[PDB]
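The next block holds one structure in the form of structure tokens; read it before the comments.
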Amino acid sequence: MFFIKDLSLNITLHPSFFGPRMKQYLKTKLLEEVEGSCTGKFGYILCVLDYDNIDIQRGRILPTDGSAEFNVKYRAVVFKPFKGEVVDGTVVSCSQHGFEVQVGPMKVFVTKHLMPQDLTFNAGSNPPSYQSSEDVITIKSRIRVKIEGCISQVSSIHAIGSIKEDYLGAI
Amino acid sequence: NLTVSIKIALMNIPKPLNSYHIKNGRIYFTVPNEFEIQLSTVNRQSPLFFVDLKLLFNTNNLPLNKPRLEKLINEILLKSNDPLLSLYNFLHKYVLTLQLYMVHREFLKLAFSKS
Amino acid sequence: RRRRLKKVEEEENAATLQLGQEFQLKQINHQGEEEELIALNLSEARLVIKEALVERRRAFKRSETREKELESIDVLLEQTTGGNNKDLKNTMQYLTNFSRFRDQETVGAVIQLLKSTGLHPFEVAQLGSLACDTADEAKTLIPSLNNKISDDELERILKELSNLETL
Amino acid sequence: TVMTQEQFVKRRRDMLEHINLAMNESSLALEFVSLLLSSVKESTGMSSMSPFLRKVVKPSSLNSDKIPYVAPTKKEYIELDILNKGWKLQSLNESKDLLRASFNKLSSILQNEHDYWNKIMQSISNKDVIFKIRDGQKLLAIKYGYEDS
Amino acid sequence: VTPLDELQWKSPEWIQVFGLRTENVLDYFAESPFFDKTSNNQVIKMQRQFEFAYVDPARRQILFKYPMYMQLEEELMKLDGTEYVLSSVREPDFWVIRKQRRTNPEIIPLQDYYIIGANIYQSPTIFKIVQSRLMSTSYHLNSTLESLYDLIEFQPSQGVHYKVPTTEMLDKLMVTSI
Amino acid sequence: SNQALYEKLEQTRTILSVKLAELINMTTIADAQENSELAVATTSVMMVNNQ
Amino acid sequence: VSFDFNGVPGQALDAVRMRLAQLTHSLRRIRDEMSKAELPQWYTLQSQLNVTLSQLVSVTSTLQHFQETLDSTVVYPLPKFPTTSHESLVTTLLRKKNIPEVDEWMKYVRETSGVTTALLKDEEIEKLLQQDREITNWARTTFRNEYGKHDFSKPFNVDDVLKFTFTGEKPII
């Protein structure tokens, strides 16, 4: 879910950027190394808050690489999924193994074992979809899904969804 | 008029600033063909305040940053140990800076060649 | 500080309110003091991100309907930030689709209405995010709400959330 | 017509005072509703009260009661209906006048634009080169220099 | 015609002659146009010229403080229908009198009337209050809109915008001279 | 650019097709529903200022 | 005592308070943005005006949805209100009279309706309104049928040519 958290990152500056605008170079590398970057500890970090005052203290020169290591502390909005949490999203792909729903920046893959048994795959449709007696789930369709499993690597997060609970599914 | 004349008697005067015209609620400190700056005081114990200034050297009547110059002239009049010498030095340096920039402008607009 | 391995812990689950040892209710900020964990609903997150982007556009310069909103935030995105914005573009599109509330006054009304309950930040953000209708549906969508909010209070607060739903 | 600074500033002042009156009436309604809501809620009404109203009066200073459910009579049905008919007619007349004035002004502007484009096409050859330029307004600039020749 | 819910009424001849206190609010109110001549209060006034449930503690305090109003209630329990009863009092000068229908006791209320300094007001409906305020808001907003649209000029070469009514070097001098 | 011209032209065409019809269609009376002089006033000013 | 605050509607009054606060805050935006010597950009000002108008519509529609239990509740001050010292304040806050400008303009539109109650019978007024709504129904079905009438690359391989150019073998076809 979306959160706001104090975050700290050790960033490495090459000596070529040791100029009068080293702080500006630090902030730009903070942007294009944190914005949209995925970490499994703190979730998908989306946007950096309070760009005017970002806490940058003294940066230690690495004794062999010669580059400067800054421990930058900042405010950012993150997106971390959790087990057992109900989120909304849109379907972006379908298959016989299941279908992925797009919530935030993350694709949650719902397996074919985790739909009600009336709902079945139809690959003859263009795009291929899932059809039941009362509703159809296709690409670009609004759908509410519960996350019951999350794996988080150092740089990747993947979630498992299910709509077998009542009052879930398409919206 | 009597108040500005009763105030200037207690203060020393710069030698090029000995030309002062004493009329019309204020004092006209003039340097001929250079400038004429007019000042007023409110009472005996308060320092003088800027009123206006007219430029006497030929270009004139170039527009100036009137409230900024009024603020800084009042500031230096309030804080300076000798307001008349401070005002003369600042204004002389300012008009000569104007003259140097003007001859610089003529020299750059002259560009004959730069070789 | 003790150096135990402490490798045994419960799995992070939303129903039990276990969000991990670093998504606890108290968070030590960069100023050193503790603060309540800031949990955002979808519309609130959209407004915070949009406010950050327009503030960054203002800093760069000094240094409503769905169709117009999507193109406005796309131009804002491409003007403000540089590379690796696939994820941020998907977040912007997702929030402008599933944003329950439009403006700052309505969303701040939602935060003050849910802070009148004195409830968990995760639970109130889930209530502000999910477009629920009835109390029992809210209880089965969020198992965290079991034995926390009375049924009449739940159904009435979701009733004025349904009233605050617009467009 | 020609519009002048003094007419502009009196229109500015009168629309400022009309928006002041609208804000004042809306705030008076809001504070009446909040002072009545504090009789039963005591918290959310205090948020919408004025600081002046909180200084003068305390919450739960008003009370209301259920007078019986009454069906409005057909006389005030037809009075409200004839009011609706007349006021919709007045709005229709205002819309008619606004559309007519907009059509006249836009017709004058489009005759000027048509003359301008006819002058452009009778004036400019394809050999000549034109580009857009700002000042922020859009202007057409023709390049007649020999630097590309 | 001025409707009854929109006027303030007082009888200063009655104030000069009798004077208003808590004991004469009801027959002071009887001279108002708010008072109904077909009321149980007036008919039992003509008759006299010729613990308990069904009331809130606010009216219990008034009854146990003033004996004539207990006499009025005891005489009104014998009859059924429209009546005026005094619900809340602040001494020396504030009263509330409510229209009330009674059946045998089952009581439903009706419109109220508040008395501030012998000046009688009929309690308006909160719909009417906020509706009049929103009429004023809508009228002033429409006037603002029309007067603002009178300041609008349209051009095709630009966007739609507002009608137009019909020295840089001194800081460099400052920084060079100082 | 031309896709934006397509979308703007189509949206403006549809709203011009619907808008005057709605302007005159809301000039109706029913016991949609306007039970108040406030509703009458608001609908009448939203005609001029919205359609 | 408790005063038995009860006949006070809770949910209707809360809803109208929230919409009315939204309208008041938008009007405050228009005030403190438009009172300045330089006008804001007209697109932004028109967007703010449209939001203000839509919130006026929303509060009118909420009050319309609660038309009952709002005409059915009359409001009086309590004793703990200061009535002697702020009679003007309580009467200003409880006034149901709207301004002489709006009353004269409603009288104007009543006169320019072309028909009035003062010289026509109620049955004649009712049949005139019935034929009036018939004319409006004809106009809207005319709109309906008129609206329904109208509808609303590579010639070769650069790698192959350059590989010929540097080695001599023919491009594969």
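No Cβ is skipped: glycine too gets one built from the backbone with ideal geometry, and neighbour counts run over all protein chains shown. Just so you know, all these numbers are worked out from the coordinates, no wet-lab data involved.
FRET efficiency for the C:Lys6 to A:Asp55 pair, using the beta carbon distance and R₀ = 22 Å, is estimated at 0.15. Distance between the pseudo-spin-label points of B:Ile22 and A:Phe18 (7 Å out from Cα toward the beta carbon): 7.0 nm.
Summary of the geometry: region A:71-109 and region F:2-51, compared by the centres of their Cα atoms, lie 40 Å apart.
Binning every alpha carbon pair distance of chain C at 5 Å from zero, what are the percents per bin? Final binned percentages: 1, 7, 14, 16, 16, 16, 12, 9, 5, 3, 1, 0.
The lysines whose alpha-carbon is closer than 24 Å to the alpha-carbon of E:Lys78, local same-chain residues fewer than 8 away aside, are E:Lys37, E:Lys45, E:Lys65, E:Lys99.
Cross-linked pairs C:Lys148/G:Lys80; A:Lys80/C:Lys50; D:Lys75/G:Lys107; A:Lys140/C:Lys148: Cα-Cα separations exceed 27 Å for C:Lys148/G:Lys80; A:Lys140/C:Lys148.
In a shell of Cβ-Cβ distance under 13 Å around D:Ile130, excluding D:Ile130 itself, what net charge do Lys and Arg (+1) and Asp and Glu (-1) give? Before the final figure, lay out the partial values.
Working: positive: D:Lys127, D:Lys132, D:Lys138, D:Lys143; negative: D:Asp128.
Its environment carries a net charge of +3.
The alpha-carbon atoms of region B:2-112 define a convex hull whose volume equals 117 cubic angstrom per residue.
The alpha-carbon of D:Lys96 sits under 18 angstrom from the alpha-carbons of these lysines, leaving out residues fewer than 8 places away in its chain: D:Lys85, D:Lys88, D:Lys105, F:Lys19.
With a cut-off of 14 Å on the backbone N, the residues of region A:150-171 near the modelled label site 7 Å out from C:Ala15 along Cα-Cβ are A:162-166. State whether the protein assembly as shown is rounded, prolate or oblate according to the following rule on the C-alpha gyration tensor (a ≥ b ≥ c being the square roots of its eigenvalues): a/c under 1.5 gives rounded; otherwise a/b larger than b/c gives prolate, and the remaining case gives oblate. Oblate is the answer for the protein assembly as shown, as a/c is 1.5 or above yet b/c matches or exceeds a/b.
So for G:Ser2, D:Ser34, E:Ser143, D:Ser26, fewest C-beta neighbours within 10 Å to most, what's the order?
G:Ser2, E:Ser143, D:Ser34, D:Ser26
Please give me, ordered by residue number, the GluC sites (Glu not before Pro) of region C:1-47 that lie in loop per DSSP and have at most 12 other Cβ atoms within 10 Å. Taking region C:1-47 and a limit of 12 other Cβ atoms within 10 Å, the loop GluC sites (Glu not before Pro) found are C:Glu9, C:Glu10, C:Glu11, C:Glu22, C:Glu33.
Ranked by Cβ crowding within 10 angstrom, fewest neighbours first, how are E:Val85, G:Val16 ordered? List each step's numbers first, then the result.
Working: E:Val85 22, G:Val16 26.
Fewest-to-most ranking of E:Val85, G:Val16: E:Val85, G:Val16.
Given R0 = 25 Å, the distance between the Cβ atoms of C:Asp74 and A:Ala123 translates into a calculated FRET efficiency of 0.15. Per residue of G:30-38, other chain Cβ atoms within 10 Å of the residue Cβ number 3 on average. Neighbours of C:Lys26 by Cβ distance under 9 Å: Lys/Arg scored +1, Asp/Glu scored -1, total -3. Remark: relative contact order (chain A) = 22 percent; criterion is Cα-Cα distance under 8 angstrom and separation of 6 or more residues.
Can you give the Rg/Rh ratio of region A:1-82, where Rg is from the C-alpha atoms and Rh is the Kirkwood radius?
On the way: Rg = 13.4 Å, Rh = 13.4 Å.
Ratio of gyration radius to Kirkwood radius: 1.01.
Beyond 15 Å, what percent of the Cα pairs of region A:83-171 remain? It works out to 54 percent of all Cα pairs. Could you give the distance between the Cα centres of region E:133-178 and region E:17-67, to the whole Å? First find each Cα centre; the distance between them is then 63 Å.
Spatially, region C:130-167 and region B:38-114 are offset by 73 Å when compared through their Cα centroids.
When the Gaussian network model of chain A links Cα atoms closer than 10 Å, the mean-square fluctuations of A:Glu69, A:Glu32, A:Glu134 top out at A:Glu134. Normalised by residue number, the volume inside the convex hull of the Cα atoms of chain G is 435 Å³ per residue.
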